[PDB]
Amino acid sequence: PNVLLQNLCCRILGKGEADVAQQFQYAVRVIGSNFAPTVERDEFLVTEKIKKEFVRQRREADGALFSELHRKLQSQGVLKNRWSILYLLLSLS
Amino acid sequence: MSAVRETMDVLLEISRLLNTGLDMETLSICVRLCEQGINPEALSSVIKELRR
Amino acid sequence: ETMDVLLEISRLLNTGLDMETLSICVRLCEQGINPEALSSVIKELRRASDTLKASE
Amino acid sequence: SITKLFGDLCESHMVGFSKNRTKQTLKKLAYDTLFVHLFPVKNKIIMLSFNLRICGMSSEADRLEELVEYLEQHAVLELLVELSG
């Protein structure tokens, strides 16, 4: 976790590890205070929110492509926390 | 190894459709944090602050 | 002041250093003793002290 | 002198315990360990404050950050970090 979070700060800011120390401490504090999700951990509820967002944007073709990509993501079986990754991508859209 | 690359490629396509502004390497960090149990709400708030 | 702040940090980090041992450590660092090396020395001195106390 | 300070450090570990033999054994150990080893602190402190917060010691984490900021506003801090726990 901590090294990955430091690397995330360096990448987004375009700065070295020494120059991101304040943003890294901010990030550690925010993660440490919010250990549990406040939302329900349901992959289906996120996939529905993502599809509704494409409909809201008049991007129904991208919503159909997302449904195919979501089916492919489910069939691969590689990820354990698929809900959390989809929720993060929706939260950053 | 193949299945992990193919999974990251699908996530990158979903990330592009959602316009999230994530590249492959930043997305790889995010996936590893979420698989390590990091709260996606807290992580999204950090990423939004770091972009500002 | 500065020694009292360093002793408070030492307690919060549970380092097991007291004011006397901390004052010796500060003066070893001021003489150019590497902190990582000095930490290893303190860890070994504790382990050896406790082994010797258990044997007496 | 460094030789006196290591002598005083070995005597502090003998508190609460032949005495001269034990002092020489501890001195020899301290030098042997120092030689074996010879052959950023702020980020380590942030990791320690995070570890305190996940253990429910948030007040101690806030206090650690305040005390370090007071000291900033390095080898000794690195020693305290390497001796944490």
# chains A, B, ... in the order shown; residues from 1 in each chain; ligands from 1
>>> interface_residues(of="chain A", to="chain B", cutoff="8 Å", atoms="only C-alpha atoms", output="PyMOL selection string")
chain A and resi 1+4-5+7-9+11-13+23+27+30-31+34-37+62+66+69+72-73+76+78-81+84-85+87-93
>>> residues_around(residues="residue 1 in chain D", least_positions_apart="6", cutoff="10 Å", atoms="only C-alpha atoms", output="short mmCIF file (atom, residue, chain, number, x, y, z; two decimals) with N, CA, C and O atoms, in the first residue's frame")
data_model
loop_
_atom_site.label_atom_id
_atom_site.label_comp_id
_atom_site.auth_asym_id
_atom_site.auth_seq_id
_atom_site.Cartn_x
_atom_site.Cartn_y
_atom_site.Cartn_z
N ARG C 27 24.84 12.17 21.20
CA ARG C 27 26.28 12.45 21.14
C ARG C 27 27.07 11.49 20.24
O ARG C 27 28.13 11.86 19.76
N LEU C 28 26.60 10.26 20.05
CA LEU C 28 27.21 9.33 19.09
C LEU C 28 26.90 9.77 17.65
O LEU C 28 27.82 9.80 16.84
N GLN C 31 28.99 12.67 16.65
CA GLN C 31 30.35 12.22 16.34
C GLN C 31 30.43 11.42 15.03
O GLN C 31 31.48 10.84 14.74
N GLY D 7 31.12 2.91 26.06
CA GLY D 7 31.29 2.39 27.41
C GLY D 7 30.12 2.73 28.33
O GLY D 7 29.68 1.84 29.05
#
>>> interface_residues(of="chain D", to="chain C", cutoff="9 Å", atoms="only C-alpha atoms", output="count of residues only")
45
>>> atom_distance(atom1="CA of residue 26 in chain A", atom2="CA of residue 3 in chain C")
28.1 Å
>>> atom_distance(atom1="CA of residue 23 in chain B", atom2="CA of residue 86 in chain A")
15.6 Å
>>> closest_atom_pairs(of="chain D", to="chain A", cutoff="12 Å", atoms="only C-alpha atoms", output="JSON lines")
{"residue": "D:40", "atom": "CA", "partner": "A:18", "partner_atom": "CA", "distance": 7.5}
{"residue": "D:41", "atom": "CA", "partner": "A:18", "partner_atom": "CA", "distance": 10.5}
{"residue": "D:42", "atom": "CA", "partner": "A:21", "partner_atom": "CA", "distance": 7.5}
{"residue": "D:43", "atom": "CA", "partner": "A:21", "partner_atom": "CA", "distance": 6.8}
{"residue": "D:44", "atom": "CA", "partner": "A:2", "partner_atom": "CA", "distance": 10.2}
{"residue": "D:45", "atom": "CA", "partner": "A:25", "partner_atom": "CA", "distance": 9.5}
{"residue": "D:46", "atom": "CA", "partner": "A:25", "partner_atom": "CA", "distance": 5.9}
{"residue": "D:47", "atom": "CA", "partner": "A:2", "partner_atom": "CA", "distance": 7.2}
{"residue": "D:48", "atom": "CA", "partner": "A:28", "partner_atom": "CA", "distance": 10.5}
{"residue": "D:49", "atom": "CA", "partner": "A:29", "partner_atom": "CA", "distance": 8.7}
{"residue": "D:50", "atom": "CA", "partner": "A:28", "partner_atom": "CA", "distance": 6.3}
{"residue": "D:51", "atom": "CA", "partner": "A:32", "partner_atom": "CA", "distance": 8.6}
{"residue": "D:52", "atom": "CA", "partner": "A:32", "partner_atom": "CA", "distance": 9.6}
{"residue": "D:53", "atom": "CA", "partner": "A:32", "partner_atom": "CA", "distance": 6.4}
{"residue": "D:54", "atom": "CA", "partner": "A:32", "partner_atom": "CA", "distance": 6.3}
{"residue": "D:55", "atom": "CA", "partner": "A:32", "partner_atom": "CA", "distance": 10.0}
{"residue": "D:56", "atom": "CA", "partner": "A:32", "partner_atom": "CA", "distance": 10.0}
{"residue": "D:57", "atom": "CA", "partner": "A:32", "partner_atom": "CA", "distance": 11.4}
{"residue": "D:58", "atom": "CA", "partner": "A:33", "partner_atom": "CA", "distance": 9.3}
{"residue": "D:61", "atom": "CA", "partner": "A:29", "partner_atom": "CA", "distance": 10.0}
{"residue": "D:62", "atom": "CA", "partner": "A:29", "partner_atom": "CA", "distance": 10.1}
{"residue": "D:65", "atom": "CA", "partner": "A:25", "partner_atom": "CA", "distance": 9.9}
{"residue": "D:69", "atom": "CA", "partner": "A:22", "partner_atom": "CA", "distance": 11.7}
>>> write_last_selection(atoms="N, CA, C and O atoms", output="compact mmCIF listing (two decimals), in the first residue's frame")
# COMPACT_ATOMS: atom_id res chain seq x y z
N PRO D 40 13.68 8.79 2.72
CA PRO D 40 13.87 9.92 3.62
C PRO D 40 13.18 9.69 4.96
O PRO D 40 12.08 9.12 5.00
N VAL D 41 13.77 10.18 6.05
CA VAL D 41 13.22 9.98 7.41
C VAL D 41 11.78 10.47 7.52
O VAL D 41 10.94 9.78 8.11
N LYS D 42 11.43 11.58 6.85
CA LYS D 42 10.07 12.13 6.80
C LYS D 42 9.05 11.13 6.25
O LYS D 42 7.97 11.00 6.80
N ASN D 43 9.42 10.35 5.23
CA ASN D 43 8.54 9.33 4.67
C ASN D 43 8.37 8.15 5.64
O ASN D 43 7.26 7.64 5.78
N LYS D 44 9.44 7.75 6.33
CA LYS D 44 9.36 6.72 7.37
C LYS D 44 8.46 7.18 8.53
O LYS D 44 7.65 6.39 9.01
N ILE D 45 8.53 8.45 8.92
CA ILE D 45 7.67 9.06 9.95
C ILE D 45 6.20 9.06 9.52
O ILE D 45 5.34 8.65 10.30
N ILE D 46 5.89 9.42 8.27
CA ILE D 46 4.52 9.34 7.72
C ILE D 46 4.00 7.90 7.76
O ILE D 46 2.85 7.65 8.13
N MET D 47 4.84 6.92 7.40
CA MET D 47 4.46 5.50 7.51
C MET D 47 4.19 5.08 8.96
O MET D 47 3.26 4.32 9.21
N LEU D 48 4.98 5.58 9.91
CA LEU D 48 4.77 5.32 11.34
C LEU D 48 3.48 5.96 11.86
O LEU D 48 2.73 5.29 12.56
N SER D 49 3.18 7.21 11.48
CA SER D 49 1.93 7.87 11.88
C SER D 49 0.72 7.14 11.31
O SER D 49 -0.25 6.89 12.02
N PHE D 50 0.79 6.68 10.06
CA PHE D 50 -0.25 5.83 9.46
C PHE D 50 -0.46 4.53 10.25
O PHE D 50 -1.60 4.18 10.55
N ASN D 51 0.63 3.86 10.64
CA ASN D 51 0.57 2.64 11.44
C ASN D 51 -0.07 2.87 12.82
O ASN D 51 -0.86 2.05 13.29
N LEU D 52 0.21 4.01 13.46
CA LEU D 52 -0.45 4.39 14.71
C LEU D 52 -1.97 4.57 14.51
O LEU D 52 -2.76 4.01 15.26
N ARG D 53 -2.38 5.28 13.45
CA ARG D 53 -3.80 5.51 13.13
C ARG D 53 -4.57 4.21 12.88
O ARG D 53 -5.66 4.05 13.42
N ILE D 54 -4.02 3.26 12.11
CA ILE D 54 -4.68 1.95 11.86
C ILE D 54 -4.80 1.10 13.13
O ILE D 54 -5.73 0.31 13.25
N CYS D 55 -3.90 1.29 14.11
CA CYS D 55 -3.97 0.66 15.43
C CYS D 55 -4.92 1.39 16.40
O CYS D 55 -5.04 0.98 17.55
N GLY D 56 -5.60 2.46 15.96
CA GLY D 56 -6.50 3.26 16.79
C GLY D 56 -5.79 4.30 17.68
O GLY D 56 -6.45 4.92 18.51
N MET D 57 -4.49 4.51 17.49
CA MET D 57 -3.66 5.48 18.22
C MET D 57 -3.54 6.80 17.45
O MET D 57 -2.45 7.30 17.16
N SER D 58 -4.69 7.36 17.03
CA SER D 58 -4.72 8.57 16.20
C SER D 58 -4.17 9.80 16.91
O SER D 58 -3.49 10.60 16.29
N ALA D 61 -0.47 9.56 16.79
CA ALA D 61 -0.06 9.87 15.43
C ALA D 61 -0.03 11.38 15.17
O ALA D 61 0.97 11.89 14.66
N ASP D 62 -1.09 12.09 15.56
CA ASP D 62 -1.17 13.56 15.46
C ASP D 62 -0.04 14.21 16.27
O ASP D 62 0.66 15.10 15.78
N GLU D 65 3.41 13.71 14.51
CA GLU D 65 3.50 14.65 13.39
C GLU D 65 3.80 16.08 13.88
O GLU D 65 4.73 16.71 13.37
N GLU D 69 7.24 18.16 13.13
CA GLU D 69 7.13 19.49 12.51
C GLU D 69 7.78 20.57 13.38
O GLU D 69 8.54 21.39 12.86
>>> decode(residues="range 16-50 of chain B", atoms="C-alpha atoms", output="JSON list (two decimals), in the first residue's frame")
[["chain", "number", "residue", "atom", "x", "y", "z"],
["B", 16, "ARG", "CA", -11.11, 5.34, -21.57],
["B", 17, "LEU", "CA", -14.89, 4.94, -22.13],
["B", 18, "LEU", "CA", -15.47, 6.61, -18.73],
["B", 19, "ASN", "CA", -12.97, 9.44, -19.64],
["B", 20, "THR", "CA", -11.23, 8.92, -16.25],
["B", 21, "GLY", "CA", -7.90, 10.42, -17.52],
["B", 22, "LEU", "CA", -5.91, 7.40, -16.17],
["B", 23, "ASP", "CA", -2.93, 5.95, -18.10],
["B", 24, "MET", "CA", -1.98, 2.22, -17.96],
["B", 25, "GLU", "CA", 0.67, 2.62, -15.22],
["B", 26, "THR", "CA", -1.49, 4.86, -12.91],
["B", 27, "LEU", "CA", -4.39, 2.41, -13.52],
["B", 28, "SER", "CA", -2.05, -0.50, -12.56],
["B", 29, "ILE", "CA", -1.25, 1.27, -9.24],
["B", 30, "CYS", "CA", -5.00, 1.87, -8.59],
["B", 31, "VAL", "CA", -5.85, -1.84, -9.30],
["B", 32, "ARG", "CA", -3.07, -3.04, -6.91],
["B", 33, "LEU", "CA", -4.29, -0.63, -4.17],
["B", 34, "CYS", "CA", -7.93, -1.85, -4.56],
["B", 35, "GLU", "CA", -6.81, -5.55, -4.56],
["B", 36, "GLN", "CA", -4.90, -4.72, -1.30],
["B", 37, "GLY", "CA", -8.27, -3.58, 0.22],
["B", 38, "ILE", "CA", -7.82, 0.23, -0.07],
["B", 39, "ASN", "CA", -11.20, 2.01, 0.08],
["B", 40, "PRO", "CA", -12.08, 3.17, -3.50],
["B", 41, "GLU", "CA", -13.95, 6.28, -2.10],
["B", 42, "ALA", "CA", -10.88, 7.46, -0.18],
["B", 43, "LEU", "CA", -8.61, 6.63, -3.16],
["B", 44, "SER", "CA", -10.87, 8.58, -5.60],
["B", 45, "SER", "CA", -10.78, 11.62, -3.23],
["B", 46, "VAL", "CA", -6.94, 11.44, -3.08],
["B", 47, "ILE", "CA", -6.66, 11.19, -6.92],
["B", 48, "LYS", "CA", -9.03, 14.20, -7.37],
["B", 49, "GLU", "CA", -6.95, 16.27, -4.89],
["B", 50, "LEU", "CA", -3.61, 15.26, -6.51]]
